[PDB]
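*Asks:* Contents of entry29.cif (mmCIF, C-alpha atoms) are below:
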data_work
#
loop_
_atom_site.label_atom_id
_atom_site.label_comp_id
_atom_site.auth_asym_id
_atom_site.auth_seq_id
_atom_site.Cartn_x
_atom_site.Cartn_y
_atom_site.Cartn_z
CA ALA A 3 -10.92 -18.38 18.10
CA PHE A 4 -11.34 -14.58 18.57
CA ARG A 5 -14.08 -12.54 20.33
CA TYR A 6 -14.69 -8.84 19.79
CA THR A 7 -13.86 -6.55 22.72
CA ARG A 8 -14.17 -2.94 21.50
CA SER A 9 -13.50 -0.56 18.65
CA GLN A 10 -11.47 2.60 18.49
CA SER A 11 -11.19 5.07 15.65
CA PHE A 12 -7.71 6.07 14.46
CA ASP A 13 -6.21 8.36 11.88
CA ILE A 14 -3.52 6.54 9.90
CA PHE A 15 -0.60 7.67 7.76
CA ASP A 16 2.26 5.63 6.35
CA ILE A 17 5.86 6.52 7.25
CA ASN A 18 6.12 8.85 4.25
CA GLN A 19 2.95 10.70 5.35
CA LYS A 20 0.61 9.22 2.74
CA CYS A 21 -2.98 8.72 3.93
CA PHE A 22 -5.64 6.33 2.64
CA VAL A 23 -8.57 7.32 0.42
CA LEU A 24 -11.33 5.05 -0.89
CA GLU A 25 -10.75 5.25 -4.64
CA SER A 26 -13.65 2.94 -5.40
CA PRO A 27 -15.87 0.81 -3.22
CA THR A 28 -13.35 -2.09 -3.44
CA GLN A 29 -10.01 -0.31 -3.36
CA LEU A 30 -8.02 1.91 -1.08
CA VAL A 31 -5.24 4.07 -2.49
CA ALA A 32 -2.51 5.96 -0.65
CA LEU A 33 -1.64 9.56 -1.46
CA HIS A 34 -0.30 12.80 -0.08
CA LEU A 35 -3.72 14.35 0.30
CA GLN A 36 -3.73 18.12 -0.17
CA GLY A 37 -4.28 21.33 -2.19
CA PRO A 38 -7.75 21.71 -3.62
CA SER A 39 -9.97 18.59 -3.70
CA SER A 40 -13.05 16.66 -2.48
CA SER A 41 -11.19 13.40 -1.60
CA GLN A 42 -11.96 12.34 1.95
CA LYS A 43 -9.28 10.82 4.17
CA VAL A 44 -10.04 7.36 5.49
CA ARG A 45 -10.03 6.72 9.26
CA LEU A 46 -9.91 3.17 10.62
CA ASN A 47 -12.34 1.78 13.14
CA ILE A 48 -9.98 -0.77 14.68
CA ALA A 49 -11.89 -3.60 16.34
CA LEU A 50 -9.83 -5.23 19.04
CA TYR A 51 -10.31 -8.97 19.64
CA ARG A 52 -9.38 -11.32 22.48
CA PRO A 53 -8.19 -14.86 21.55
CA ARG A 54 -10.35 -17.80 22.69
CA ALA A 60 2.49 -18.28 12.19
CA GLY A 61 4.89 -15.55 13.34
CA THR A 62 2.43 -13.17 14.99
CA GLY A 63 2.55 -10.55 17.79
CA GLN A 64 -0.77 -10.73 19.61
CA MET A 65 -3.15 -7.82 19.38
CA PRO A 66 -5.58 -9.33 16.88
CA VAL A 67 -7.74 -6.67 15.18
CA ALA A 68 -10.21 -6.16 12.34
CA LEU A 69 -9.78 -2.96 10.29
CA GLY A 70 -13.02 -1.16 9.50
CA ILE A 71 -13.04 1.63 6.91
CA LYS A 72 -14.82 4.19 9.08
CA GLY A 73 -18.09 5.47 7.62
CA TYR A 74 -18.08 3.18 4.61
CA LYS A 75 -19.38 -0.05 6.25
CA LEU A 76 -16.38 -2.03 4.93
CA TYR A 77 -13.76 -4.23 6.59
CA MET A 78 -10.32 -5.12 5.16
CA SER A 79 -9.66 -8.79 4.44
CA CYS A 80 -6.92 -10.95 2.92
CA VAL A 81 -7.96 -13.58 0.42
CA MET A 82 -6.56 -15.62 -2.42
CA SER A 83 -7.25 -14.17 -5.85
CA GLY A 84 -6.12 -16.43 -8.59
CA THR A 85 -3.03 -17.84 -6.96
CA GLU A 86 -1.96 -14.63 -5.17
CA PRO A 87 -2.73 -13.31 -1.66
CA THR A 88 -4.71 -10.10 -2.07
CA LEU A 89 -6.02 -7.33 0.15
CA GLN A 90 -9.69 -6.65 -0.39
CA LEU A 91 -12.42 -4.56 1.12
CA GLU A 92 -15.66 -6.32 1.93
CA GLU A 93 -19.07 -5.12 2.96
CA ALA A 94 -19.28 -6.75 6.36
CA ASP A 95 -21.04 -5.98 9.59
CA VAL A 96 -19.23 -5.96 12.93
CA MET A 97 -18.25 -9.52 13.82
CA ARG A 98 -18.62 -10.63 17.40
CA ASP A 99 -17.00 -13.99 16.71
CA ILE A 100 -14.16 -15.05 14.44
CA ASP A 101 -14.37 -18.79 14.72
CA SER A 102 -13.51 -20.20 11.30
CA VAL A 103 -10.57 -20.20 8.87
CA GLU A 104 -12.92 -18.31 6.52
CA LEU A 105 -13.60 -15.47 8.99
CA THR A 106 -9.91 -15.26 9.93
CA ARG A 107 -9.52 -13.31 6.62
CA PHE A 108 -10.63 -10.24 8.59
CA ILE A 109 -8.02 -10.56 11.35
CA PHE A 110 -4.63 -8.79 11.39
CA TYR A 111 -2.05 -8.65 14.14
CA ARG A 112 -1.38 -5.09 15.09
CA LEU A 113 2.36 -4.95 15.76
CA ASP A 114 3.31 -1.82 17.66
CA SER A 115 6.84 -0.52 18.18
CA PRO A 116 5.91 1.41 21.31
CA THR A 117 9.16 3.36 21.60
CA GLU A 118 8.87 4.68 18.01
CA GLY A 119 5.05 4.92 17.97
CA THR A 120 4.88 3.02 14.65
CA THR A 121 2.76 0.02 13.69
CA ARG A 122 2.72 -2.84 11.16
CA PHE A 123 -0.29 -5.03 10.35
CA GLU A 124 0.28 -8.72 9.67
CA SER A 125 -2.47 -10.88 8.16
CA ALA A 126 -3.69 -13.72 10.39
CA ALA A 127 -5.00 -15.63 7.35
CA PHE A 128 -1.71 -15.10 5.50
CA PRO A 129 1.06 -15.07 8.13
CA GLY A 130 4.15 -13.27 6.81
CA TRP A 131 2.00 -10.89 4.75
CA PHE A 132 1.70 -7.27 5.76
CA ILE A 133 -0.46 -4.35 4.73
CA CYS A 134 1.62 -2.10 2.49
CA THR A 135 1.62 1.01 0.36
CA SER A 136 3.59 1.79 -2.75
CA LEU A 137 6.51 4.21 -2.68
CA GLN A 138 4.56 6.05 -5.42
CA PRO A 139 1.41 8.03 -4.64
CA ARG A 140 -2.09 7.12 -5.93
CA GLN A 141 -1.46 3.34 -6.05
CA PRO A 142 -3.55 0.64 -4.36
CA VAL A 143 -3.00 -0.41 -0.75
CA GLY A 144 -2.07 -4.11 -0.79
CA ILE A 145 -0.26 -6.88 1.06
CA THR A 146 3.33 -8.05 0.76
CA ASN A 147 5.59 -10.86 2.08
CA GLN A 148 8.51 -8.36 1.79
CA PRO A 149 7.36 -5.62 4.29
CA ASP A 150 9.18 -2.28 3.86
CA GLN A 151 11.22 -3.59 0.88
CA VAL A 152 10.39 -1.28 -2.06
CA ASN A 153 7.07 -0.59 -0.36
CA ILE A 154 6.02 0.92 2.97
CA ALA A 155 4.56 -1.43 5.60
CA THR A 156 5.04 0.94 8.58
CA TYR A 157 2.32 3.33 9.82
CA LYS A 158 1.67 5.92 12.44
CA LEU A 159 -1.75 5.72 14.09
CA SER A 160 -3.33 8.44 16.16
CA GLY A 161 -6.50 8.52 18.27
#
Just dump the structure as structure tokens.
*Replies:*
Amino acid sequence: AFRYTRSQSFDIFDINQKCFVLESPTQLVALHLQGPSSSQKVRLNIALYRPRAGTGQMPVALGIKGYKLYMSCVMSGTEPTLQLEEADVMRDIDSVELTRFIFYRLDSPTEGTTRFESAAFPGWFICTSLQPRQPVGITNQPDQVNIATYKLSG
């Protein structure tokens, strides 16, 4: 279904200039990182895939750079949930199960912004809260009382 092509490291901020930090090994939070603290900003190692749902094709996996984690979308209880999993780099994504790691990177090239739509959960997008220091999650209402728009730089 998808084969790995290459990775590239990016800084990422949401549209309100919050960055990601790894609050605990299983949870990202978004905050305005500043002042006087030891919290380390997360960079993404974005693995680009080639193919072998409403979805704009640039399928990617999102590695949490330096922490040996990849983002995934999975059912928890009865609700789609963003999680972070210890996973090695995957050459092949060739099952419904492994599709949990794939997002479509949706760039708005003119504006230089990006959204990330789950491949396992089409219609669900990676989002942050309007409030700082809350978990990064997924939503089927992107940018509606949350932020689902990012600016990447590499």
*Asks:* Excluding same-chain residues fewer than 2 positions from residue 106 in chain A, what lies within 10 Å of it counting all atoms listed in the file, as a list in words?
*Replies:*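 Final neighbour list, sorted by chain and number: residues 3, 4, 68, 79, 80, 81, 99, 100, 101, 102, 103, 104, 108, 109, 110, 125, 126, 127 and 128 of chain A.
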*Asks:* Around the point (-0.9, -12.3, -5.0), in the coordinates given by the file, pick out the residues reaching within 12 Å, counting all atoms listed in the file, and return them as a JSON list (two decimals) with C-alpha atoms, keeping the file's coordinate frame.
*Replies:*
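Full text of selection33.json as output:
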[["chain", "number", "residue", "atom", "x", "y", "z"],
["A", 80, "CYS", "CA", -6.92, -10.95, 2.92],
["A", 81, "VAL", "CA", -7.96, -13.58, 0.42],
["A", 82, "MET", "CA", -6.56, -15.62, -2.42],
["A", 83, "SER", "CA", -7.25, -14.17, -5.85],
["A", 84, "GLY", "CA", -6.12, -16.43, -8.59],
["A", 85, "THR", "CA", -3.03, -17.84, -6.96],
["A", 86, "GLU", "CA", -1.96, -14.63, -5.17],
["A", 87, "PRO", "CA", -2.73, -13.31, -1.66],
["A", 88, "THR", "CA", -4.71, -10.10, -2.07],
["A", 89, "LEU", "CA", -6.02, -7.33, 0.15],
["A", 90, "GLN", "CA", -9.69, -6.65, -0.39],
["A", 128, "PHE", "CA", -1.71, -15.10, 5.50],
["A", 131, "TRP", "CA", 2.00, -10.89, 4.75],
["A", 144, "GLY", "CA", -2.07, -4.11, -0.79],
["A", 145, "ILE", "CA", -0.26, -6.88, 1.06],
["A", 146, "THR", "CA", 3.33, -8.05, 0.76],
["A", 147, "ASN", "CA", 5.59, -10.86, 2.08]]
*Asks:* Which is closer to residue 159 in chain A than all the others in A:48, A:32, A:134, A:96, using all atoms listed in the file?
*Replies:* A:48
*Asks:* Please write as a count of residues only the full residue list that the PyMOL selection byres ((chain A and resi 44) around 12) yields on this file.
*Replies:* 31
*Asks:* To one decimal place in Å, what is the distance between CA of residue 156 in chain A and CA of residue 28 in chain A?
*Replies:* 22.2 Å
*Asks:* Give me, please, the distance in Å between CA of residue 140 in chain A and CA of residue 40 in chain A, quoted to one decimal.
*Replies:* 14.9 Å
*Asks:* Please enumerate the residues selected by the PyMOL selection byres ((chain A and resi 65) around 10) when evaluated against the supplied file, formatted as a ChimeraX atom specification.
*Replies:* /A:50-53,62-64,66-67,109-114,123
*Asks:* Find the spatial neighbours of residue 155 in chain A, counting only C-alpha atoms, within a cut-off of 8 Å - ignore same-chain residues fewer than 4 positions away - and output them as JSON, numbers by chain.
*Replies:* {"A": [16, 122, 123, 132, 133, 134, 135, 149, 150]}
*Asks:* One decimal, in Å: what's the spacing between CA of residue 105 in chain A and CA of residue 60 in chain A?
*Replies:*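 Answer for the CA of residue 105 in chain A to CA of residue 60 in chain A separation: 16.6 Å.
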*Asks:* Centre and edge lengths of an axis-aligned box around all listed atoms of range 99-116 of chain A, with 5 Å added on each side, are to be given in Å to one decimal, as JSON.
*Replies:*
{"center_x": -5.1, "center_y": -9.4, "center_z": 13.9, "size_x": 33.8, "size_y": 31.6, "size_z": 24.8}
*Asks:* Please determine, counting all atoms listed in the file, which residue among A:19, A:9, A:137, A:98 has the shortest atom-to-atom distance to residue 34 in chain A.
*Replies:*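 Looking at the shortest contact to residue 34 in chain A, the residue is A:19.
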*Asks:* Find, counting only C-alpha atoms, the residue in A:153, A:136, A:160, A:141 that gets nearest to residue 121 in chain A.
*Replies:*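 Nearest candidate to residue 121 in chain A out of A:153, A:136, A:160, A:141: A:160.
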